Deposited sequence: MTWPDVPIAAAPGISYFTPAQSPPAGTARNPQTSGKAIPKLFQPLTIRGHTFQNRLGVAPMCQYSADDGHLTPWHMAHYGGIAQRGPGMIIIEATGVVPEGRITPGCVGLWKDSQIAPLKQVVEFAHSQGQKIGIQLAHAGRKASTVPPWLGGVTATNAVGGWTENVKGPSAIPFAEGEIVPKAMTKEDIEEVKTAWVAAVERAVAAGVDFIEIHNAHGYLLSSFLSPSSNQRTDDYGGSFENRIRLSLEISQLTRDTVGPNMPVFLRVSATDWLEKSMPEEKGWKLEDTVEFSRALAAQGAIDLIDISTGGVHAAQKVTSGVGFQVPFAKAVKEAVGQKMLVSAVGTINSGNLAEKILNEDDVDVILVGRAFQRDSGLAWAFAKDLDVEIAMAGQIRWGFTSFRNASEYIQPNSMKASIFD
């Protein structure tokens, strides 16, 4: 006596959940308003993948991993964001070796047991049509510390640390009183590259849509760049060519393992923020980052440079503020044009400023961090900031619309 109305399910998974067609965060085309779609909510395609808008979740450590293994905290964290249509999600820094975690709570992928917890989270994200990738990491001489809400102080062995297995380019503590890392041997560098392939391979089995390389914030790769942390006298220190070499190798290796269709990102710290505080230190400035991005666009393996700053030197003096890292992303996009995409991140907390950055600075992707801890639906917020009628999950949307559309007029 009634028509048959089925509930379409997400494909390829062992549990039922409703499918969202199109995925949450997709601008209706045509907009019901008749207005043009702002640059922020126009899809972007990198190699084999399409992101339905250009707002990404910046990688954010949760310090809640159990021997590198994801827990239901990460299902609640990443999954609540995934239900609300960001354009992409960058999973937090994930250790490629145990001594490459930052803290005892860091995610890791040095082990096959670590794949399936990550795979459960990726799988639910894709049940939502969301794109999810992972930032592989090696904390270097900044490894073995406690989470930041506990001050970020050294994690001793009694409390889970590894103060005797901390490795960097050179025997230089990050600050006085911090762990003196062991200057990595050539075999250590070869061991890190070897572990890097295994971690990339482990991520690929888990189903990630892209890989980001953590080359920023004074961790292992970032510290090879800076002559403040790198005083090696071999093929990996001294000259500018040598200090970007390991970063260049990891980029080729990472490309070579994922093939020609998978997006590969690299995040770098554009400056060490010593311009005023330590002007006589030959460190790492925007000029160095621009020459670095020139080698990476020339090399052709990395698709997107994620520009961050600082963490490279303890004496940094960070000039914070709204969008305080956009100037560096603007200059790097200027250096590489369309050969490389560039993303911006850092105190970008309105949709209007996000759109302003994409158009006036020619940035490709807008990443937001903290605000996604506060607003798991920040993509919902930025669309409202921009008045974009967007798609949202049928479970969420039906109480924000009339009794009788797949899109939300925010």
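Unmodelled regions (deposited sequence positions with no C-alpha coordinates, counted from 1) are 1, 406 to 407, 414 to 422.
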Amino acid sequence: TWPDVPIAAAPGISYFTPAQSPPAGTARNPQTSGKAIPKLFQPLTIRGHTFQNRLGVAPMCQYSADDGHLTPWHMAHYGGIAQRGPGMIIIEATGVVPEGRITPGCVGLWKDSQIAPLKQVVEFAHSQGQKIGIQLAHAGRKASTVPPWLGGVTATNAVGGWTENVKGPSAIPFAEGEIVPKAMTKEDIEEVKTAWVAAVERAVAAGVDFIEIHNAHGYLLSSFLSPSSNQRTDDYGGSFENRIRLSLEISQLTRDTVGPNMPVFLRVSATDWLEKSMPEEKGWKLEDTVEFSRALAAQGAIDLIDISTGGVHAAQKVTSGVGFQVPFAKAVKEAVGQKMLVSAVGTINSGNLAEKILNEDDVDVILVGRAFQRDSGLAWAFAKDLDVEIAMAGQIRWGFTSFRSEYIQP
From here on, numbers count along this sequence of modelled residues.
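The mean Cα B-factor in the deposited entry runs higher for 272 to 280 than for the other of 272 to 280 and 331 to 339. The PDB entry records a higher mean C-alpha B factor for 180 to 188 than for its counterpart among 100 to 108 and 180 to 188. Note on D256, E287, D209, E123: the highest value goes to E287, judged by CA B factor as recorded.
Residues shown: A383, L358, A58, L44. Highest C-alpha temperature factor in the entry: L358. Sort the chain's modelled residues by C-alpha temperature factor and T50 lands in the middle third, per the entry. Per-chain ranking of the deposited C-alpha B factor places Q299 in the highest third.
Placement of the Cα temperature factor of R84 within the chain: highest third of the modelled residues, per the deposited record. Placement of the Cα temperature factor of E164 within the chain: highest third of the modelled residues, per the deposited record. When all modelled residues of the chain are sorted by CA temperature factor, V388 is found within the middle third.
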